[PDB]
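Okay, so here's just one chain, in structure tokens, the form deposited in one PDB entry.
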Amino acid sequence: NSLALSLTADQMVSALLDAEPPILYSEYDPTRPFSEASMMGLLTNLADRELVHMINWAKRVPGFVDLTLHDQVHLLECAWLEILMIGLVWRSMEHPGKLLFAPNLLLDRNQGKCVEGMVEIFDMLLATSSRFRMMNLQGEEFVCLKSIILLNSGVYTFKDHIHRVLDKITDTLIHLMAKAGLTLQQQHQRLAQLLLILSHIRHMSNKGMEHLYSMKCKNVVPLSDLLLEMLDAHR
């Protein structure tokens, strides 16, 4: 009953590429260095604005529209930080040693020390971005991975329809690797390598969620009502 299952692999790729959200900018104030309140303000303001575009992207992910409102809410509440972080890691891939939060907000690990307890998260994010660069991750592979996160991360906290869509995304990832000229063995090895990184992305989100929770409790930064609700979903 879902249109997503009749899509071919090329149609799935084209749908995800067309769904991509825009790259937002940070505020243009050149005042350096950042304080802890200043940097957490920039990072949360950017994340808050990116969340609006994520909702639009998610509704364009094949199969997401066929879910009920409650199921859509659940998947997004579960994966929202994972989704921002894989996009961040993707944007930073061509910038070794740096995190491109935005085109005018390119930070290194030392600037991660501007906020207490974030340098550990910066390092994990940087190691993930380097891993993607060393794998020569392609944009077509990236959009498949980000969609997998959306559909999978909350699927075992509720499913048949979702699992069939996830299967469709796996076929699409394999088809891209076959199209690049990989052997069958190289195809499943690479598929495993990418999916295992999603375990690390989940770890980074969980650490980032506890870090964001502490910033709210420590009243470091004003968090938007949207962010407070997305954060409150993780208890």
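One rule holds for the numbers: they count along the sequence shown, beginning at 1. Basically, rigid core = biggest C-alpha set you can superpose within 1.5 Å across the two forms.
Colleague: For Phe101, does the count of other compared entries lacking it reach at least a third?
Modeller: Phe101: modelled in all of the comparison entries.
Colleague: When the other PDB entries of this protein are compared, is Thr157 left blank in at least a third of them?
Modeller: Per the records, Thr157 goes unmodelled in at least a third of the other entries.
Colleague: Between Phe158 and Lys159, how many residues of the deposited sequence have no coordinates in this entry: none, 1 to 3, 4 to 9, or 10 or more?
Modeller: Missing residues, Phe158 to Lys159: 10 or more.
Colleague: Would you determine, from the values in the PDB entry, which of 70-78 and 102-110 has the greater average C-alpha temperature factor?
Modeller: Averaging CA B-factors over each stretch, the winner is 102-110.
Colleague: Test of understanding: from the entry's C-alpha B-factors, which stretch has the higher mean, 167-175 or 32-40?
Modeller: 32-40 has the higher mean C-alpha B-factor.
Colleague: Looking at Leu226, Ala15, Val220, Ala9, which has the highest Cα B-factor in the entry?
Modeller: The record points to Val220.
Colleague: With respect to the C-alpha temperature factors reported in the PDB entry, which of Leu137, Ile148, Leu125, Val115 ranks highest?
Modeller: When the deposited C-alpha B-factors of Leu137, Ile148, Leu125, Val115 are compared, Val115 is largest.
Colleague: According to the PDB entry, is the CA B factor of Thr183 in the bottom, middle or top third of its chain, that is, lowest, middle or highest?
Modeller: For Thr183, whose C-alpha B-factor we compare with every modelled residue in the chain, the answer is the highest third.
Colleague: Please say which third, lowest, middle or highest, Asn206 falls into when its CA temperature factor is compared across its chain.
Modeller: For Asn206, the deposited C-alpha B-factor lands in the lowest third.
Colleague: Would the CA B-factor of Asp48 place it in the lowest, middle or highest third of its chain?
Modeller: Middle third.
Colleague: Divide the modelled residues of the chain into thirds by Cα B-factor and specify which third, lowest, middle or highest, holds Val119.
Modeller: Its C-alpha B-factor, which the entry lists for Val119, ranks in the highest third among residues of this chain.
Colleague: By the recorded C-alpha temperature factor, relative to the other modelled residues in its chain, which third is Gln193 in?
Modeller: Bottom third by C-alpha B-factor.
Beyond what is shown, the protein has a form deposited in another entry; the following relates to that form.
Colleague: With both forms fitted on the core, check whether the Cα of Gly181 differs by 2 Å or more between the shown form and the other one.
Modeller: False for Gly181: its C-alpha shift is below 2 Å.
Colleague: Once the core is aligned, does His70 move its Cα by at least 2 Å between the shown form and the other one?
Modeller: Stays below the 2 Å threshold, so no.
Colleague: Quick check on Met215: with the core superposed, does its CA move 2 angstroms or more between the shown form and the other one?
Modeller: Comparing the forms between the shown form and the other one, which are aligned on their rigid core, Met215 does shift its C-alpha by 2 Å or more.
Colleague: Having a change of 3 Å or more in the C-alpha distance between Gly208 and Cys217, I'd like to know whether it is closer or farther in the other entry than in the form here.
Modeller: Note: Cα gap between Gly208 and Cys217 shrinks in the other entry.
Colleague: So the C-alpha spacing of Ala47 and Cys217 changes by 3 Å or more in the other entry; is that change toward closer or farther than shown?
Modeller: Here the pair is farther apart than in the other entry; there, closer.
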